[PDB]
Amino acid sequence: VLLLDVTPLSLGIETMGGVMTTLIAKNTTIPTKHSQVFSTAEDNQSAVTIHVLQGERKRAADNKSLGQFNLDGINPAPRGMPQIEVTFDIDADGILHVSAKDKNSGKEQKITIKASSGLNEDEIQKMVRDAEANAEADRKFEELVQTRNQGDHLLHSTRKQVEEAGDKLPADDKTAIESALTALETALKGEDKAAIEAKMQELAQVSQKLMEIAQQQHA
């Protein structure tokens, strides 16, 4: 062949933290179909928003938005349990079909994005060199989102484990733990990675008895 059809830019979706998660990498030959399974961010979440992105930046907002759609009717469940399979399918004609399917209900929604959508050749070149000019700032952004997500995991899981502990937890411990979750929740709203890390560390330092109870509960 003298020619190939390739994706000039990565394609994916926005996930928690405002990050672009890639489903089809830059320079993949088409046709191609890739899938990954995602889940919900909150307890009792009834819907997910699939925000489709084109580009090479780690921040969703710095990539080109190809569309969005919602999948509703997710049944009540703890965060992280539902399985929402997202498939990106680019056919021989260069048309992108994005679908999200809830594997519990079998419910599905799609967006179709015609071959002409997204960034033109001048923006494509601008995008590739911006991703390169910014590899460092994007890395620091990725590390901050990762920290924030781990802190949100620690916040939520520790709250669930305080509740399952009930009176097994000594009152001194619960006071220390609860003041530290308040401090973590507050830090999570900011942009200071070391402050988040500091509040996570304080929670680990005051939660050793809680950790022991929760381990024993399922041991």
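Rigid core here is just the name for the largest C-alpha set that superposes within 1.5 Å across the two forms. Residues carry their position along the shown sequence, with the first being 1.
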Stretch farther from shown form by Cα RMS in 9 other deposited structures of this protein, picked from 205-213 and 13-21 after core fit, is 205-213
Between 169-177 and 63-71, greater root mean square CA displacement in 9 other deposited structures of this protein relative to the shown form, after rigid core superposition, belongs to 169-177
The stretch carrying the higher mean Cα B factor in the deposited entry, 162-170 or 42-50, is 162-170
Taking the deposited Cα B-factors and averaging over 187-195 and over 33-41, the higher mean is found in 187-195
Note to self: of 146, 120, 83, 99, the C-alpha temperature factor tops out at 120
Based on the PDB entry, the highest CA temperature factor among the options 77, 92, 71, 111 is that of 92
In terms of its chain's C-alpha B-factors, the third that includes residue 65 is the middle
Tertile call for residue 182 (CA temperature factor, within chain, third-based) is the middle
